[PDB]
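Protein chains in written order, with the authors' numbering: chain A, 10 to 134; chain B, 10 to 134; chain C, 10 to 134; chain D, 10 to 134. Below is one structure, written out as structure tokens, with a few remarks after it.
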Ligand SMILES: Cc1cccc2c(C(=O)O)cccc12
Ligand SMILES: Cc1cccc2c(C(=O)O)cccc12
Ligand SMILES: Cc1cccc2c(C(=O)O)cccc12
Ligand SMILES: Cc1cccc2c(C(=O)O)cccc12
């Protein structure tokens, strides 16, 4: 129940709690930019996906969230050879009107591949 | 020659110059998050695509660019009903090692839907 | 009527309109970091000052603004030798609850020294 | 040995290690914006100060660092009444050419007042 774009990214969630979300995924040939590494927009969309899932789960029955902004840094190039990536969203602030979550994407060795912050607005019932 | 992820986004470039890139696209049902609006990661990936295309074209035969970071703000929700979006990348700084580009995504009425900055690193021959 | 920190920065405003603010200032020895160039935080505070002044002026009698976030890029080192800097704030979005402004700091030659975006929240009467 | 602007901020460092820096400070009347809360630029400058100190200490004899960009979020208003703030810088990435550090400013109760990321460039000998 995360939408069609999340499915196309290939994210597979191990956990979506009010205080953490974890998802596994992989570089795929269709996700590349012309020099054979991951298109940077894919990192941003993964960061957006894992944070908004957690933010939505935290808000729960009390309303719904809308994305406000996303700032993602790319620290290493990623290819199909780099295997399974893990993206973990952790909360920075969870308040009445705003949420900010931090998402780290790491490889199996724990090497930080990307890291992003997502700001969300709470639409409360 | 922009890679498979750019094609999947549906971007169609009117212009890729050393100082500006313009691309048209549209919200599509496969690009949505669960509440029927555009997945925010799609805005980030579009911003990344149009800026990196321009940055790569500016660097030209002198080398190649790698994405460093992307910060995109979402100002209005976007649906299939909102029609054709236009994303324009304009340069902020184009130097020896770094480039920063600003990308605005607007609807046909000129309403600002999203806006992002992309930092790139120059890999020079 | 901009507060004591703005005065300590040495900002001198030529213009504070609902759609633009302009201020002149200069690197000073007390504003430096240990290697003799401008402390980067000074760029951020100048960006915050010129944008919030404009945002507050735009909101006018209808309420007041509070800073939400600030993202500033530093493109060139600045010293006392670099003379008079000009910081211009231009609006990106001015809505019901949020404002986003973009501020460019340039030297006399038009060389871009720094550039920042400031997000503000509208506290409406 | 941190420069005159750091002194004017009133930062007092408990720790500057290659992997963490901690500094205490306080809102002061001269640091305010016109509505009696901390000028947001002060948060950015504190974030810049504590991260660059740590980054410089990590690089050590091998070279020196220059600020590249700073993104700070303000989560609560801060006044003189809020007492002693603690700013802690932790490393996100420390590589050959780039460093990224994350800085959290909290009050005595552990309430998150501000949080910023600083990107630095390594000038290596
Ligand atoms: C053409 C090109 C070069 C370098 C990078 C890119 C990216 C990217 O930054 O991920 C995305 C799309 C196209 C790119
Ligand atoms: C589940 C959910 C709620 C609200 C927003 C989202 C987004 C988004 O922020 O675009 C992306 C993916 C899932 C979302
Ligand atoms: C010690 C040091 C080195 C390099 C940079 C700095 C900065 C700065 O980034 O402006 C601020 C404060 C201290 C610094
Ligand atoms: C005039 C005004 C209103 C609201 C906020 C500010 C700030 C600030 O954003 O900290 C800085 C300088 C002036 C301000």
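We put the beta carbon where it would ideally sit given N, CA and C, even for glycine.
Considering only residues of the same chain and omitting the five flanking positions on each side of residue i, which have a CB-CB separation below 8 Å?
i	result
residue 48 (chain B)	40, 41 and 42
residue 74 (chain D)	61, 64, 65, 68, 108, 129, 130, 131 and 132
residue 72 (chain A)	131, 132, 133 and 134
residue 20 (chain A)	11, 32, 33, 34, 55, 58, 59 and 96
residue 93 (chain B)	33, 34, 35, 116 and 117
residue 122 (chain D)	52, 83, 84, 85, 87, 91, 94, 114, 115 and 116
residue 120 (chain B)	85
Let's test the definition: count the other Cβ atoms within 10 Å of the Cβ of residue i and tell me whether it reaches 16, buried, or not, exposed.
i	result
residue 106 (chain A)	exposed
residue 33 (chain B)	exposed
residue 65 (chain B)	buried
residue 82 (chain D)	buried
residue 76 (chain A)	buried
Of all the options the options, which has the alpha carbon lying nearest to the alpha carbon of residue i?
i	options	result
residue 79 (chain D)	D:86, D:51, D:36 and D:70	D:51
residue 96 (chain A)	A:37, A:71, A:85 and A:29	A:29
residue 18 (chain B)	A:69, A:22, A:54 and A:58	A:54
residue 88 (chain B)	B:116, B:31 and B:101	B:116
residue 124 (chain A)	A:103, A:63, A:113 and A:102	A:113
residue 102 (chain D)	A:35, A:24, A:10 and A:84	A:84
residue 38 (chain B)	A:94, A:25, A:93 and A:14	A:14
Only counting the same chain, and skipping five residues up and downstream in sequence, which positions put a Cβ closer than 7 Å to that of residue i?
i	result
residue 60 (chain A)	98, 110, 112 and 127
residue 46 (chain D)	86, 87 and 88
residue 36 (chain C)	47, 87, 88, 89 and 91
residue 118 (chain C)	none
residue 25 (chain C)	62, 63 and 66
Got a sec: does ligand 6 put a non-hydrogen atom nearer than 7 Å to the Cβ of residue i?
i	result
residue 74 (chain C)	Looking at this structure, you won't find ligand 6 anywhere; what it does contain is ligand 1, ligand 2, ligand 3 and ligand 4.
Apart from the five residues just before and just after residue i, which ones in its own chain have a Cβ nearer than 6 Å to its Cβ?
i	result
residue 104 (chain B)	none
residue 22 (chain C)	32
residue 27 (chain C)	66 and 67
message: Can you pull out the residues from the segment 51-63 of chain A whose beta carbon lies closer than 9 Å to at least one beta carbon of chain F?
response: In the structure shown, chain F does not exist; the protein chains are A, B, C and D.
Near-chain D residues of the segment 64-91 of chain A - C-beta to any C-beta below 7 Å: Of all residues in the segment 64-91 of chain A, those with a C-beta nearer than 7 Å to a C-beta of chain D are 80, 82 and 84, reading in chain order.
query: For the segment 104-134 of chain D, which residues have a beta carbon sitting closer than 7 Å to at least one beta carbon of chain A?
result: Across the segment 104-134 of chain D, CB contacts with chain A closer than 7 Å involve 109, 121 and 124, in sequence order along the chain.
message: Against chain B, which members of the segment 13-28 of chain A pass a CB distance test of less than 7 Å?
response: Across the segment 13-28 of chain A, CB contacts with chain B closer than 7 Å involve 13, 14 and 17, in sequence order along the chain.
- prompt: Just by C-beta distance, which residues in the segment 33-44 of chain A are closer than 8 Å to chain B?
  reply: Closer than 8 Å at the C-beta level to chain B, one finds these residues of the segment 33-44 of chain A: 38, 39, 40, 41, 42, 43 and 44.
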